[PDB]
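Given next are the chains, with one letter for each unit.
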Amino acid sequence: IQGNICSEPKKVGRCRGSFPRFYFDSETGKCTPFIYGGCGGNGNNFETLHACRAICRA
């Protein structure tokens, strides 16, 4: 199943981590490059935009 991870909204995370990331928006259905706080947020996270699409959509 893929829809699982592709359900939780992106987050910031006030942990020890500050880098660019990607997530799937259930509002539009496109991969938006957000900021990851490093610590495991919810579950909807991706290293690259492509994968995010080839994992949520394709």
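## Quick notes on the state of the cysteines
Each disulfide consists of one covalent bond between the sulfur atoms belonging to two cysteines.
Here is step 1: Evaluation of the coordinates by the stated rule reveals 3 disulfides.
Here is step 2: Here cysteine 6 is linked by a disulfide to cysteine 56, with a sulfur-sulfur distance of 2.0 Å. Measuring the twist about the S-S bond at about -95 degrees, one finds the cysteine 6-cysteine 56 disulfide to be left-handed. Taken together, the residues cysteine 6 in the segment before β1 (19-20) and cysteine 56 in helix α1 (residues 49-56) connect sequence positions 50 residues apart.
Here is step 3: A relative accessible area of 15% places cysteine 6 in the buried class.

## Some thoughts on the UniProt feature "disulfide bond" in the protein chain
Here is step 1: Between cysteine 6 and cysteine 56, where UniProt places a disulfide, the sulfurs come within 2.0 Å of each other, which fits a bond.
Here is step 2: Annotation check: the disulfide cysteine 15-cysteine 39 recorded in UniProt is satisfied, the sulfur-sulfur distance being 2.1 Å, below 2.5 Å. Of this pair, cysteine 15 sits in the segment before β1 while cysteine 39 sits in the loop between β4 (35-36) and α1, and the two are 24 residues apart along the sequence.
Here is step 3: Residue classification places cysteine 15 among the partly exposed residues on the basis of a relative accessible area of 38%.

Calculation criteria
- Residues numbered from 1 in each chain as written, not as in the entry; some residues may be left out.
- Heavy atoms only, no water.
- Disulfide = S-S within 2.5 Å.
- Helix = DSSP H or I, 4+ residues; strand = E, 2+ residues; numbered from the N terminus.
- Buried < 20%, exposed > 50% of the residue type's maximum accessible area, 1.4 Å probe, protein only.
- UniProt positions renumbered as here; feature names shortened; annotations may be inferred.

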